[PDB]
């Protein structure tokens, strides 16, 4: 019963040279690492090394053009870097960005390999830049390559092509990239909870609504749980897991669970406006550990309050290590709109999931 942990300080070299206080800070990953140290969680984990993804690995989800453009930024002067970054929605680029993104992806491949070969039971990946907004052909929302989507394909590449991978994306934003990449795929079940506001929240697309259930062979294998009109917190997320995430996941019977674990739904986050607590995140993790024979990989996505994300992700790792869930606060009655969101998803997915 071993928990893997990957962290490599080289991943802080990706930085914003015009706005050094941009919220996607290098010290996001070092602060999470430090909090694992001072909670004495780090020494309880088995350290998994980082590595670069290869270009061939990137091609599992991304076009050759996009790979070549981000790759070319390593040798760019600042004027090129600022101009290229401005070609995307919410991207900054430095000469180190490409390498950091390769390290983020490769760190997760190694963690997935360790899980799948039984060297560890589960694992946590403290990586940046994040991934779930990255599309097949473009960068977006602080993400260059879709680390979680790539890890699901990497996992299938070292097992069998049809390995059932569940991606739970509890970052406060919709994983537009992850949805698109697997939208026609029934071997990767994508479940995202996100602040939506009828499309008035980044990434600002109706693709995130509950009626997008997947396409072609993938119909039923895309589950959007969109939040509207309400500062959601632990009661709402517990309810979504009880009514939607856990029943669908158990029916799917994944062989590997990837968490796109953004922590910007956390209490205190400057962008998300939500109030999921560190103990809420522990319970969400503890619940996901009842799937896939405990084979869970927690991948850092967003989350921008350094104290909030450090405590929040440390508590997830505590659950991975087998610690008992901390007690939740008395769960207030669900915001009315949250009940409406859950009922809309239930109606959308009852046709495909008999457990609903």
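Numbering follows the first chain given and starts at 1.
Where the other entries of this protein model the residues before and after it, residue 329 is dropped from at least a third of them.
Between 282-290 and 212-220, it is 212-220 that carries the larger average Cα temperature factor according to the deposited entry. Averaged over CA atoms, B-factors in the entry run higher in 75-83 than in the other of 75-83 and 264-272. Taking the PDB entry at face value, the top CA B factor among 234, 171, 135, 198 belongs to 198. Sorting 301, 38, 311, 57 by the CA temperature factor given in the entry leaves 38 at the top. Ranked by C-alpha B-factor against the other modelled residues of its chain, residue 315 falls in the lowest third.
Per the deposited record, the Cα B-factor of residue 61 falls in the lowest third when ranked against the other modelled residues of its chain.
Looking at the C-alpha B-factors along this chain, the one for residue 247 belongs to the highest third. Sorting the modelled residues of the chain by their CA temperature factor places residue 43 in the highest third.
Per-chain ranking of the deposited C-alpha B factor places residue 70 in the lowest third.
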